[PDB]
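Structure first, commentary second.
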Amino acid sequence: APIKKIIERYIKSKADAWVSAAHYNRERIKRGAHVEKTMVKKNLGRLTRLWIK
RNA sequence: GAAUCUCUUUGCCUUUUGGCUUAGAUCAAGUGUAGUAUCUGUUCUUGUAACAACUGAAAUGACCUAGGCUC
Numbered sequence: 806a807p808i809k810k811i812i813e814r815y816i817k818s819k820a821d822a823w824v825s826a827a828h829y830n831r832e833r834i835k836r837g838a839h840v841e842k843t844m845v846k847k848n849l850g851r852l853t854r855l856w857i858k
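Counting from 806, one number per residue, gives the positions in the first sequence under the deposited numbering.
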């Protein structure tokens, strides 16, 4: 239980950090604000995944 | 009773793994794109006799203190 719980919490944290980041990236893309091609691709992928979820 | 050895079970053991990213990407393409670099064979290359002169070289080793004669 405890170890598992801790792991869960950290993955939640990661998600929070990740999802927010993705959102930010998307916003940037929408604007037209020096997005990296690779970064944009990642955002597209990540965002797609999020949508699916 | 004490010493030791052999086997079995439990505990202990890699009853199996040292990262992240768009599962990293793709199982497709008359490709495009940028750069970096030089080659084929065919040929040139006097004799005879007489007189004057020498009779012989080289190798390493035997003597003496690189040099000097002998074998």
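By construction, the Cβ of each residue, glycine as well, lies at the ideal position given by its N, Cα and C atoms.
Assigned secondary structure, residue i (DSSP; H/G/I helix, E/B strand, else coil)
i: residue 840; result: coil
i: residue 817; result: helix
i: residue 858; result: coil
i: residue 822; result: helix
i: residue 806; result: coil
Spatial neighbours of residue i in its chain, beta-carbon cut-off 6 Å, leaving aside the 5 residues before and after
i: residue 830; result: 848
Option nearest residue i by Cα separation, candidates the options
i: residue 856; options: 827, 842 and 836; result: 827
Contact belief for residue i with residue j at Cβ below 8 Å, rounded distance in angstroms
i: residue 833; j: residue 840; result: 5 Å
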